[PDB]
$ cat query.cif   # mmCIF, C-alpha atoms (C1' of nucleotides)
data_structure
loop_
_atom_site.label_atom_id
_atom_site.label_comp_id
_atom_site.auth_asym_id
_atom_site.auth_seq_id
_atom_site.Cartn_x
_atom_site.Cartn_y
_atom_site.Cartn_z
CA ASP A 147 0.00 0.00 0.00
CA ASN A 148 0.96 3.64 -0.48
CA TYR A 149 1.33 6.32 2.20
CA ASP A 150 -2.44 6.71 2.68
CA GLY A 151 -3.59 3.20 1.78
CA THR A 152 -5.14 4.02 -1.61
CA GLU A 153 -2.81 2.39 -4.18
CA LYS A 154 -0.61 -0.69 -4.56
CA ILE A 155 3.17 -0.91 -5.02
CA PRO A 156 4.94 -4.10 -6.15
CA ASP A 157 7.39 -5.31 -3.53
CA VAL A 158 10.04 -6.58 -5.97
CA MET A 159 10.19 -6.53 -9.73
CA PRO A 160 10.11 -9.76 -11.77
CA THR A 161 13.43 -8.92 -13.40
CA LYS A 162 15.62 -11.06 -15.65
CA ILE A 163 18.97 -9.25 -15.22
CA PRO A 164 20.92 -8.89 -11.94
CA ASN A 165 21.14 -5.09 -12.03
CA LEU A 166 22.92 -5.13 -8.66
CA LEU A 167 25.88 -6.87 -10.31
CA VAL A 168 25.60 -5.17 -13.71
CA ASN A 169 25.44 -1.52 -12.61
CA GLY A 170 25.45 -1.44 -8.81
CA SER A 171 24.96 1.60 -6.61
CA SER A 172 26.75 3.80 -4.08
CA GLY A 173 24.71 4.60 -0.98
CA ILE A 174 25.43 5.35 2.66
CA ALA A 175 23.26 4.45 5.65
CA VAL A 176 23.19 6.03 9.11
CA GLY A 177 26.07 3.78 10.17
CA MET A 178 26.75 1.73 7.05
CA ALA A 179 27.97 2.38 3.51
CA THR A 180 28.18 0.44 0.26
CA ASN A 181 29.92 0.70 -3.11
CA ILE A 182 29.75 -1.84 -5.95
CA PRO A 183 31.61 -1.55 -9.28
CA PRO A 184 29.74 -2.30 -12.51
CA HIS A 185 30.41 -5.46 -14.52
CA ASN A 186 29.83 -6.97 -17.95
CA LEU A 187 26.54 -8.70 -18.70
CA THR A 188 27.94 -11.57 -20.77
CA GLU A 189 30.35 -12.73 -18.06
CA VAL A 190 27.61 -12.50 -15.43
CA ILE A 191 25.35 -14.69 -17.58
CA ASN A 192 28.25 -17.12 -18.09
CA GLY A 193 28.85 -17.29 -14.34
CA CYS A 194 25.16 -17.86 -13.68
CA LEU A 195 25.10 -20.69 -16.22
"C1'" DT B 1 92.16 -37.80 -29.49
"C1'" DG B 2 95.27 -35.82 -26.53
"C1'" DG B 3 97.01 -35.81 -22.03
"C1'" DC B 4 97.61 -37.47 -16.98
"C1'" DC B 5 98.72 -41.01 -12.89
"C1'" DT B 6 101.78 -44.35 -11.50
"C1'" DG B 7 105.27 -48.24 -11.40
"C1'" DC B 8 110.30 -49.06 -11.96
"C1'" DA B 9 114.69 -47.51 -11.55
"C1'" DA B 10 118.50 -44.11 -10.60
"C1'" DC B 11 120.15 -39.97 -8.04
"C1'" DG B 12 120.61 -36.65 -4.42
"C1'" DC B 13 119.87 -33.94 -0.11
"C1'" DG B 14 118.00 -33.08 4.37
"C1'" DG B 15 116.02 -35.18 9.11
"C1'" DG B 16 117.62 -36.15 12.67
"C1'" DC B 17 121.09 -35.38 16.60
"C1'" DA B 18 123.77 -31.04 19.71
"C1'" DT B 19 125.25 -27.34 20.52
"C1'" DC B 20 126.83 -22.41 20.14
"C1'" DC B 21 125.07 -18.20 19.14
"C1'" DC B 22 120.83 -15.91 19.08
"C1'" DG B 23 116.08 -13.75 19.29
"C1'" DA B 24 111.70 -13.42 21.61
"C1'" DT B 25 109.75 -12.92 26.10
"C1'" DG B 26 108.05 -12.72 30.94
"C1'" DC B 27 108.54 -9.54 34.39
"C1'" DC B 28 109.20 -4.86 36.34
"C1'" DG B 29 108.75 -0.12 36.29
"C1'" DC B 30 107.17 4.29 34.15
"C1'" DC B 31 104.18 6.77 30.84
"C1'" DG B 32 100.23 7.34 27.07
"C1'" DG B 33 95.70 7.05 24.90
"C1'" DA B 34 91.17 5.66 24.37
"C1'" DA B 35 86.89 4.27 26.15
"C1'" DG B 36 83.38 5.13 29.03
"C1'" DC B 37 78.52 5.46 27.78
"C1'" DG B 38 75.98 9.19 29.69
"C1'" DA B 39 74.07 12.94 28.36
"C1'" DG B 40 72.73 17.05 25.40
"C1'" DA B 41 70.97 18.16 21.04
"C1'" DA B 42 69.23 17.63 16.21
"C1'" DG B 43 66.65 15.07 12.50
"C1'" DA B 44 63.03 12.14 11.05
"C1'" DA B 45 58.98 8.71 11.15
"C1'" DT B 46 54.55 8.62 12.96
"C1'" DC B 47 50.35 10.28 15.15
"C1'" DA B 48 46.75 13.85 15.76
"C1'" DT B 49 43.22 17.67 13.63
"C1'" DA B 50 40.70 20.07 9.56
"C1'" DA B 51 38.22 19.79 4.22
"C1'" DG B 52 36.49 17.80 -0.63
"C1'" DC B 53 33.24 14.80 -3.05
"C1'" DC B 54 30.85 10.61 -3.86
"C1'" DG B 55 24.03 11.16 -4.04
"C1'" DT B 56 19.61 11.61 -1.90
"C1'" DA B 57 17.30 14.20 2.12
"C1'" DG B 58 16.21 18.33 4.77
#
$ encode --input "query.cif" --output "structure tokens"
Amino acid sequence: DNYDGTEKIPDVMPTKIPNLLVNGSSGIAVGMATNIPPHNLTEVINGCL
DNA sequence: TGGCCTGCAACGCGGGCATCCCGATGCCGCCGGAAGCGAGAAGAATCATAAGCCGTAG
């Protein structure tokens, strides 16, 4: 549900590509932080296979 | 293929023995230098105290 309980939001997306490993992100929490380099799609598919 | 180790035989010189002359040396007495590291001082490696940007939030 949305902020006022009037709409619906999908929890996760039915994706086919691991965008976390392909592009990544760089965010910082209140006490934590993360940083992930991008990668190549073909080698990720090869590793998954 | 060329050179080296060794046996056989001939030659020579020095090991051993003693001693006379000799050179170091242990000891004694007097003098020199270096060590003694402890301490003062200087240089350097390391630790402690500000920003700049990475991207959403106010």
$ interface_residues --input "query.cif" --of "chain B" --to "chain A" --cutoff "10 Å" --atoms "only C-alpha atoms (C1' of nucleotides)" --output "VMD selection string"
chain B and resid 54 to 56
$ residues_near_point --input "query.cif" --point "(28.3, -4.3, -17.7)" --cutoff "10 Å" --atoms "only C-alpha atoms (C1' of nucleotides)" --output "ChimeraX atom specification"
/A:165,167-170,183-190
$ atom_distance --input "query.cif" --atom1 "atom CA of residue 159 of chain A" --atom2 "atom CA of residue 192 of chain A"
22.5 Å
$ atom_distance --input "query.cif" --atom1 "atom CA of residue 163 of chain A" --atom2 "atom CA of residue 180 of chain A"
20.5 Å
$ atom_distance --input "query.cif" --atom1 "atom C1' of residue 52 of chain B" --atom2 "atom CA of residue 177 of chain A"
20.5 Å
$ axis_aligned_box --input "query.cif" --around "segment 168-171 of chain A" --padding-each-side "4 Å" --output "lines of an AutoDock Vina configuration file"
center_x = 25.3
center_y = -1.8
center_z = -10.2
size_x = 8.6
size_y = 14.8
size_z = 15.1
